[PDB]
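In the order they appear, the protein sequences are chains A, A', B and B'. A prime marks a further copy of an entry chain.
Residues 19 to 250, 268 to 532, numbered by the entry's author numbering, are exactly what the first sequence covers, in order.
Residues 19 to 250, 268 to 532, numbered by the entry's author numbering, are exactly what the second sequence covers, in order.
Residues 30 to 98, 102 to 231, 236 to 253, 277 to 317, 322 to 535, numbered by the entry's author numbering, are exactly what the third sequence covers, in order.
Residues 30 to 98, 102 to 231, 236 to 253, 277 to 317, 322 to 535, numbered by the entry's author numbering, are exactly what the fourth sequence covers, in order.
Idealized CB from N, CA, C, for every residue including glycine.
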Amino acid sequence: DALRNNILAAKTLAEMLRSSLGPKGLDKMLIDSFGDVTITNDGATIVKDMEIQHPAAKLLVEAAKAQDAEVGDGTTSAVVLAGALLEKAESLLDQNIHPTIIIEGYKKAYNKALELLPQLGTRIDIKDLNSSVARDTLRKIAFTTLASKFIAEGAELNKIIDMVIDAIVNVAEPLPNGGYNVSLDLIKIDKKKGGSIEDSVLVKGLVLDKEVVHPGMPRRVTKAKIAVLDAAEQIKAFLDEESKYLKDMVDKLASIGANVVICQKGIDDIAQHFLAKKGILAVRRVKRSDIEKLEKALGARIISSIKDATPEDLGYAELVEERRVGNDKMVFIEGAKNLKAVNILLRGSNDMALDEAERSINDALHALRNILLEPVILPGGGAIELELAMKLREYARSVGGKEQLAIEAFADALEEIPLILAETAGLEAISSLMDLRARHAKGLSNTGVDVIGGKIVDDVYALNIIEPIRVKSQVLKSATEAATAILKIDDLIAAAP
Amino acid sequence: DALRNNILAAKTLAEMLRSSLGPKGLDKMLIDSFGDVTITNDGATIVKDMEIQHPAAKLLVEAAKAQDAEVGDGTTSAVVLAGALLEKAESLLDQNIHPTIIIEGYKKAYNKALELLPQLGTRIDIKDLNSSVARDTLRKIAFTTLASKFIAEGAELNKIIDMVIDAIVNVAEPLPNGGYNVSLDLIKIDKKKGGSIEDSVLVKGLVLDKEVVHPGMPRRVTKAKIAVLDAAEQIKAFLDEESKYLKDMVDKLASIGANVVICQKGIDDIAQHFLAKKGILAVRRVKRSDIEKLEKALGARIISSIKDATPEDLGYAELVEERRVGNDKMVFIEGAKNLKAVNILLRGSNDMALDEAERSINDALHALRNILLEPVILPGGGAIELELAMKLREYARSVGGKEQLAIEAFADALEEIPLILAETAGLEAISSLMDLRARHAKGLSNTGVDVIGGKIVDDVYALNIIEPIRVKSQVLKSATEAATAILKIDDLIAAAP
Amino acid sequence: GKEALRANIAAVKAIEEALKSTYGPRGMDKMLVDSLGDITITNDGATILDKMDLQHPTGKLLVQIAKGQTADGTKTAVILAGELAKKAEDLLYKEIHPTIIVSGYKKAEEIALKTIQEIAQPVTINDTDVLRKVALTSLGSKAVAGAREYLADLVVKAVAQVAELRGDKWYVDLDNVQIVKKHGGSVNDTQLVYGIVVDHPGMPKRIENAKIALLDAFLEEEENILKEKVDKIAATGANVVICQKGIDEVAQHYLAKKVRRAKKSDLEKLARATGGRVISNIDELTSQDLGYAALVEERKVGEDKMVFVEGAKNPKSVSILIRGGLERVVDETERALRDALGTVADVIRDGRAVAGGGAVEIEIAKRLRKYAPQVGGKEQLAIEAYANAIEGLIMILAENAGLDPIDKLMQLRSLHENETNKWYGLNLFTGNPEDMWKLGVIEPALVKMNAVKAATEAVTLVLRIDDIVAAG
Amino acid sequence: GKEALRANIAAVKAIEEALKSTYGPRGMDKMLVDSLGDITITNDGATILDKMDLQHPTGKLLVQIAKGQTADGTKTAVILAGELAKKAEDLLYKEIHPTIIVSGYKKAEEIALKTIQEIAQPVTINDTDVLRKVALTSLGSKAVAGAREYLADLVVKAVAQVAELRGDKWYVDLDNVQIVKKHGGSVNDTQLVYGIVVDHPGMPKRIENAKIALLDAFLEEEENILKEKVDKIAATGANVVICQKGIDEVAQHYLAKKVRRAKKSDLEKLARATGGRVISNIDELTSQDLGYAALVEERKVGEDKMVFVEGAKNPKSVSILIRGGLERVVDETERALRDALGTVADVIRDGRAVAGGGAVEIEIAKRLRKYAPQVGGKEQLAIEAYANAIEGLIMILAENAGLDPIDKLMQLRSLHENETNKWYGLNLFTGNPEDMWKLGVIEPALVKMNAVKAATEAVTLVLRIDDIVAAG
Ligand SMILES: Nc1ncnc2c1ncn2[C@@H]1O[C@H](COP(=O)(O)OP(=O)(O)O)[C@@H](O)[C@H]1O
Ligand SMILES: Nc1ncnc2c1ncn2[C@@H]1O[C@H](COP(=O)(O)OP(=O)(O)O)[C@@H](O)[C@H]1O
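This is the structure we're talking about:
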């Protein structure tokens with residue numbers, strides 16, 4: 019009875035996030051008690067910020083928070099599932115089946131499903147971008163994540179995808195599972211205001227400056243860079276040598292062996308001409324926050340005074356180029372020392388499209404990271420759930436006792452994802468599921484639900500509906516843990532703090 | 019307000035018969051207050067036997083009863099429609115549109131629809147059965163009516179249809195509309211127990227007797243028939276002439292000029308031999324109720340005594356034949372005098388299949404009669420309603436004022452028939468209608484709903500879904516009259532008997 | 030009109046609950062209470078449904094349906113219909129139109145009947161062990177005071193007489209079985225008689245080649284009339300005279316110088336057995352309406368006189384005397400014996416038998432689950448639900464025996480994966496699953512089929528009706 | 030979670046009902062009641078929504094939405113959103129998922145914006161009659177005491193100044209318009225001034245080529284400090300000094316030997336017009352932060368002193384003095400004038416105008432009905448509903464004029480079958496349909512578009528939200 023109350027608590031909580039599932043996930047409005055509001059269909063945000071009431075529900079929240087902590091993508095999917103499990107459990111309680119039995123059944127079912135996940139997983143090819151196999155995969159998954167959230171034109175999108183791909187080329191790899199570990203710390207997204215999205219560009223760093231003097235060298239093959247802080268009693272007075280000074284400064288800079296000079300305070304025409312004579316690439320003044328970032332990568336040091344300077348402070352980069360970027364000339368720096376992150380110049384014509392593009396790239400990167408960590412894809416749109424359900428019924432048959440009903444009840448819960456996920460698309464929650472079962476049991480395991488298009492698809496891979504295994508297994512895990520923990524609790528007891 | 023109450027009364031009544039519509043019409047259970055019950059999905063039976071409560075509803079019942087009186091097929095269709103009209107009217111009342119306006123609008127819409135019915139009607143060919151055009155039509159409509167109510171095998175059904183066709187050949191015709199007036203008084207259905215349905219047979223009369231004596235004539239081309247009542268103080272005693280008597284009786288019968296003798300009391304072997312010598316067709320004894328029927332058609336008279344007999348009492352028939360009918364020999368009589376009705380020998384292996392076959396033939400005959408009276412067919416399955424709705428919206432556009440909304444509201448009511456009719460088949464009441472609209476406005480007017488198969492059909496004529504115009508127009512009429520009469524009533528007043 | 034449908038389903042569920050615990054060979058008894066205060070304790074379901082205080086139209090209807098075509105099987109039909117109704121409800125909550133559920137159930141019914149027809153083991157009148165088993169099957173749980181293997185004998189012996197083969201099938205005219213009862217001793221004193229039995237110094241006793249007068253029908280003038288009436292009968296050569304209406308003792312004296324029975328249900332079978340016919344008015348009486356009885360007589364039941372019509376012409380004649388202590392005993396004996404006669408009669412007339420214990424049921428479910436995915440979406444669910452509703456019977460059967468339903472269901476389900484365990488059912492006394500055929504748990508296939516059929520019909524009727532209306 | 034959605038729809042419908050009758054050029058006034066007891070009588074919808082006692086989150090949200098990008105148009109957006117919400121409700125009862133209704137409405141929005149873009153009549157700053165008409169459009173129903181054709185003049189004259197063309201579009205920096213008010217006489221005493229206006237014997241008055249100090253910012280020690288502060292300012296060469304904080308009269312004496324304003328909304332536009340900039344702390348004050356004003360001065364309003372900054376450097380400078388009797392008059396005048404300025408500004412900056420009277424509306428509906436069947440089933444209904452919801456505006460507009468809604472709707476619908484009546488709308492005073500363009504019932508296309516856009520956004524937001532949750 020108290021158990022049933024807990025079950026109802028968790029269930030009623032799950033009922034709310036039932037609608038926030040998938041692409042067409044309805045919105046939820048969070049009222050920040052401070053007198054503010056934030057609305058979203060995001061599981062994490064909702065579950066986090068919301069002030070939950072009932073303990074069981076709070077525990078479900080806890081499970082969800084863990085689910086988010088382990089990985090970002092799937093959070094709601096876990097809660098809805100947990101709710102489904104409990105809802106299917108309460109039907110077995112009415113069959114007078116002790117909770118512990120149901121729990122064990124669910125454990126076994128979970129283990130079997132967990133075992134079956136890879137069996138039903140389509141492994142991918144990550145052997146280089148030379149081949150373009152990876153690109154096609156990355157394109158599919160890109161569009162998978164991008165399609166739901168973009169209203170932008172496809173041509174603009176394609177460029178963004180091209181950028182993300184170009185990014186992924188550079189990012190690191192762990193060997194053991196033949197997968198790739200995309201360190202998001204190795205990606206910059208500089209939001210430049212003004213210009214079209216197609217003007218956006220990727221490179222290992224750039225200062226967004228124009229060549230100070232056209233006579234000045236606009237391209238240097240083998241480069242050497244210097245960072246200058248100062249623009250070119269016991270009394271100290273400057274010797275009466277005005278231009279000779281400047282010339283000597285430039286000659287010292289040339290003597291150190293530098294080909295590029297990025298002055299902090301900016302360069303005067305005389306210095307420009309001297310630099311132009313020596314064939315040095317001059318750059319206008321830059322922000323302190325910018326130069327400070329540059330020197331550490333470039334392995335250089337901000338020179339306070341050129342008289343005291345030394346080649347120790349001399350940096351280096353593989354290539355530097357004054358490139359055109361949407362009729363806006365900019366200095367690009369390539370492959371210098373510690374490359375670290377790849378820098379995106381994001382040309383947004385408006386703050387909205389700017390933040391939108393940034394958001395898109397971020398989501399795409401996160402998803403691609405999640406799939407890359409574990410290089411096996413699953414047929415989304417609820418297909419894999421149905422497949423698992425079939426396999427789990429088949430597996431349930433070979434188990435006896437009340438546990439045969441517990442496992443079968445685990446399967447009936449999975450099938451709530453296809454049901455709900457389609458329902459969001461306004462399709463009949465029932466006929467869709469039986470149609471799916473028909474198409475599935477008598478066809479490919481890839482039969483699923485396209486929520487965007489709002490239709491049942493015979494093969495969801497063809498519609499570029501893909502789900503990582505790393506997420507799915509974790510969702511399954513945390514969901515099972517949650518529903519278990521709820522079912523395992525007998526009743527409540529008054530305590531003393 | 020009182021008007022709204024009346025509207026609600028009629029509406030609530032119509033709500034019940036909403037489900038009893040079409041083939042899949044759900045059942046309604048009538049409790050005969052005497053302590054008895056009868057269940058049915060029939061409009062007439064329900065509306066009739068039910069003891070209605072509210073006056074408005076009673077008036078709707080009255081309208082329905084009239085609708086049934088004029089023609090049998092459509093009764094519920096009128097009530098549901100009326101309900102729809104009132105329901106669509108109450109929405110215009112909320113638009114603050116005076117009832118009289120709505121009434122006029124509905125009148126105009128009705129007149130236009132009534133005008134459009136023939137325009138959208140597919141006239142048929144009734145020029146003889148030599149051609150088989152009529153048969154194909156009759157086959158389609160046969161299957162239209164038969165399909166919903168038969169669970170029997172098609173091969174058995176085909177024979178029944180063949181019989182009905184063979185019947186219709188013989189039945190009368192009115193000239194003015196180039197149609198046929200099937201007088202159901204010109205059809206007999208004799209329910210013979212024992213034998214298969216395929217053994218059933220049609221003929222202009224038959225006595226179901228075997229040839230009394232095999233030597234006796236089993237076939238007579240040019241026949242002459244006699245009906246015999248008696249089998250072959269002031270004191271009266273029979274002269275001692277035993278066999279000579281019989282022989283003389285037979286000779287008298289032969290002298291009159293008869294070729295067939297159907298004795299009421301049966302014939303003895305001696306008489307049989309004499310008859311066999313004279314070459315007369317002898318028939319065993321028959322029931323009084325049977326012979327009485329025979330003599331009036333046959334233009335003969337039941338002879339009390341052959342000594343006093345005369346050729347005035349002599350009947351006649353075109354042909355008589357001892358025919359085999361399911362390994363059961365029977366005397367068939369063909370085309371005698373006043374042919375009147377065509378006689379069916381209905382061979383039922385069981386009382387159920389017997390009454391079922393009879394029922395089938397009856398319904399088929401009634402429907403075929405209804406379509407034959409007015410030789411124009413309409414696309415059933417709700418197609419014609421949708422077509423009318425389209426045309427009536429088009430027509431409504433060219434009318435102004437509040438009446439443009441009254442007519443449009445007449446159209447919205449018609450479309451409730453497709454909606455409801457599909458809903459009975461478990462299809463979504465909404466998507467089906469819009470799908471129909473799409474298929475209809477952009478395609479043939481024959482697009483409708485197959486309730487049996489439970490699917491939307493691009494052309495319902497191809498699925499043999501046909502509706503007579505005679506019924507439809509009347510339904511439209513009585514429905515309009517009803518909804519009108521309801522809307523026209525302002526309020527209730529207490530009276531004195 | 031869901032509101033009208035739910036009430037029907039509730040009614041069906043109510044009647045199910047009424048007859049639920051009576052089910053099985055360990056079925057508990059129900060105590061019927063008349064408004065008078067008098068009572069009737071019984072296991073038999075038909076009897077309950079008869080004497081039961083019916084409330085709902087759909088109820089009385091359901092009862093009217095379950096009793097149609102064999103006394104037993106009603107139990108099964110009712111409970112099955114109840115289960116089907118409940119599962120239908122479960123399906124209805126999922127927003128599935130009734131016309132779909134009906135169709136599904138119909139398909140399921142067809143597959144079920146196919147299944148029973150397929151499984152069925154053909155039997156003959158010669159396989160008497162089967163007849164005995166089938167008899168004993170229904171007799172279990174009747175609370176009859178012993179002599180089951182003797183009452184079963186009487187049944188087997190009874191049906192044997194009432195049987196003659198015109199063609200392929202013996203015409204077991206069950207209606208020729210007379211059934212009476214008296215108190216004293218026990219059911220071991222129960223006994224058959226070839227002829228019909230019926231419970236002044238009068239006319240002579242031992243009539244050989246007896247002609248039997250079967251007749252359902277100022278003071279001095281009345282005396283003359285009555286004597287006229289008697290003489291009319293005397294003038295037809297009637298050895299023994301039977302009546303239903305009250306006879307004036309003067310006419311008894313007259314006839315004595317030349322019984323009034325009580326029930327026509329006896330006179331009926333008397334007319335059946337003797338070959339004579341009943342007459343409404345003695346003015347029409349002849350000598351051919353008199354029945355032939357080769358050796359009529361009378362005998363003393365321990366506490367009462369009783370009439371015996373031995374040597375009746377017709378071969379298919381038989382009667383049984385029931386004996387016992389309390390009323391409940393003799394009554395339950397009567398009803399039980401009726402059930403037995405029914406089952407055995409159907410076995411003979413049909414010629415097929417199956418195993419009880421719910422073997423056929425789990426087989427049917429097993430089949431339905433296989434056939435279910437082969438049809439459409441929404442129907443599949445209905446069929447599956449049908450299967451579950453069938454399994455419900457096994458579960459309830461387990462419940463009534465004090466066993467865990469689900470465990471035994473799962474056990475049997477697991478066992479019935481083998482082709483070679485298609486007979487395995489639930490041994491309620493043992494508690495474990497066992498081959499129900501060897502244990503003599505056998506029943507007529509026709510009974511099962513009919514139960515399924517009637518239950519299906521009932522539930523479909525419940526689902527087809529949308530609303531209830533008062534007519535005139 | 031329908032229960033949470035219906036409440037939202039109810040909230041939207043409530044706010045619609047709140048602003049409904051204010052709509053149109055015969056819009057009634059609403060009486061706002063503060064809890065203090067004080068009141069505010071007004072027609073302007075924005076003002077209402079501002080001072081209104083908002084209850085629901087969705088409400089405050091809706092208000093927040095309708096006021097986003102132009103004071104007027106809010107009315108339209110709100111009421112439209114209300115209609116859309118009601119029709120959405122009507123669609124919801126038909127069991128249509130919100131994500132469908134949303135999509136439909138979005139399509140309808142697109143077609144609507146296409147329609148407005150298509151119909152729109154291009155205009156220029158030179159077509160002053162249009163500017164006048166557009167001004168007068170919103171001014172109708174304001175209950176302003178006459179001088180509409182004069183206030184409109186002031187508007188047309190006002191926007192003309194604040195306008196300079198860098199490229200294709202004039203940069204009408206509307207924020208340079210100062211607005212003050214005083215009592216006395218009537219609105220015929222209203223009057224423009226090129227420079228900004230702001231409501236001891238002190239420093240000199242007529243300063244030619246004036247440098248303007250813009251500054252938002277034991278007793279003997281404090282005196283020394285304050286005098287230091289004054290001298291600091293004096294040492295920068297400031298002709299006239301402006302402050303916001305309270306100034307000690309001693310500093311007024313000092314400065315007099317060398322006003323404190325009240326609002327920064329004035330100091331803002333002063334900083335805008337003079338070319339100078341405000342300083343938070345006078346320690347940072349220089350000579351370049353001083354604003355240039357070619358001929359500053361002061362004048363007497365009939366009842367009060369008032370400050371005038373004439374000859375401000377910036378070309379785009381302008382201010383208006385409002386005059387009248389009661390507070391409601393001058394306030395309604397202010398708000399009305401704001402509305403006018405907004406509309407005209409948008410006409411100039413956008414360069415397109417359409418006819419009021421609901422012409423654009425019935426055109427949009429007319430278009431939507433044509434486009435509706437070209438898309439899917441359930442969306443078509445949503446689009447149609449959208450069209451109806453748009454027509455609702457014409458109907459309500461008819462209601463607020465004391466006319467029969469439906470009749471006039473039907474009339475206009477009938478009229479708009481002709482390509483040549485695409486401007487025809489409803490003459491509320493006349494009562495009959497008429498070409499709204501000749502009658503000077505003209506409005507900025509951008510306003511209509513924005514109203515549609517914001518209403519659509521609001522309703523979709525209402526429909527997208529499934530439930531409301533308390534967070535932290
Ligand atoms: N000896 C037995 N062992 C197992 N099941 C039995 C036995 N006898 C009867 N049954 C079961 O009981 C059911 C019928 O019970 P019920 O109708 O209550 O009694 P009756 O058979 O007397 O009508 C059948 O389904 C059959 O399987
Ligand atoms: N003179 C007029 N004749 C007809 N309609 C008008 C007139 N002036 C304004 N309208 C209508 O009023 C609506 C705007 O009203 P409202 O927002 O209440 O006032 P304002 O225009 O001052 O904001 C527009 O849809 C427009 O069609």
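Exclusion of the five residues before and after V182(A') leaves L156, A160, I396, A399, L400 and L403 as the residues of its chain whose Cβ lies within less than 8 Å of its Cβ.
Judged by the Cβ position, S170(B) qualifies as a neighbour of ligand 1 at the 8 Å threshold, a heavy atom of the ligand being closer than this. Here the alpha carbons of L224(B) and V176(B) stand approximately 18 Å from one another. Counting along the chain, the unbroken alpha helix (DSSP H) around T76(B') starts and ends at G74 to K80.
Cβ proximity to chain A below 9 Å picks out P436, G439 and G440 from the region 412-440 of chain B.
Contact between the region 242-250 of chain A and the region 432-442 of chain A is absent, with fewer than three C-beta pairs closer than 8 Å. Assigned with DSSP and collapsed to three states, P136(A) falls in helix. DSSP places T69(B') within a strand segment (E or B) once states are collapsed to three. Residue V372(B) holds the alpha-carbon nearest to the alpha-carbon of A249(B) among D159(B), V372(B), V162(B) and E280(B). Where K177(A') is concerned, the enclosing alpha helix (DSSP H) starts and stops at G172 to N188. For secondary structure counted as the alpha helix (DSSP H) over 4 or more consecutive residues, the region 277-328 of chain A holds these complete runs in sequence order: 277-291 and 304-313. Shown here, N495(B) sits in coil according to DSSP, grouped into three states, outside any helix or strand.
Under DSSP, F367(A) shares a beta bridge with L224(A) and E356(A).
DSSP places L206(B) outside any alpha helix (DSSP H), giving it a letter other than H or E. Excluding the 5 residues flanking it on each side, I70(B') has same chain C-beta neighbours closer than 8 Å at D58, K59, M60, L61 and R391, in chain order.
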